[PDB]
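The form deposited in one PDB entry is given below as one chain in structure tokens.
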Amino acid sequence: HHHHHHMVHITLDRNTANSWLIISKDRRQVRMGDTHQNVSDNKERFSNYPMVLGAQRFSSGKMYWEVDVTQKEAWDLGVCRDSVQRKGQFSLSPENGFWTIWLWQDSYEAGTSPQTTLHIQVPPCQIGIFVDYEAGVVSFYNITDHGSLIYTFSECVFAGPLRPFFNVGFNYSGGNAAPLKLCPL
């Protein structure tokens, strides 16, 4: 792809994080802690899942960023509306304000309703995410496989400002402790 020139510097918003997440000093990495991280509760925190938002809000234009997922067994990545539900159980779908893909149990899927199987021959170590606000497009790229296309959501109805979205996943297995990292431009 040729989207690299729309690169934006994303940082994580601590205030939105699930209370078990540990965000690095530079706000560019996040991982699952083994306990509550001793923060107060607030209405912005995702309560049920190990999720966090980027600080940046997008309402126009073209945006691109990259995320490192090396050695993880489970994660979700994409964008979401600023006004998505934070508390309780919910599914990741465009109806609920999410445009995402995930890894789970050795398969990759797009967060449509119902979910869509992805066809990935080279497991990615870094994911590129492209958003075209005006066109209503969110696309995902396999940086490990020369930028090959993973998935395109088109005809998106964003219906609000967008924020970068992250889920580091649970670590019930002991094999999913590795962080999500925002990669340098």
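Numbering starts at 1 and runs along the sequence shown.
As for the form solved in complex with a small molecule, it is not shown, yet the points below apply to it.
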Practice item. Report whether the minimum heavy atom distance between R27 and the small molecule in the deposited complex is within 4.5 Å. Key: no
Practice item. Verify the contact flag for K62: yes if a non-hydrogen atom of it lies within 4.5 Å of a non-hydrogen atom of the small molecule in the deposited complex, no if not. Key: no
Review point. Taking heavy atoms only, is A177 within 4.5 angstroms of the small molecule in the deposited complex?
Key: yes
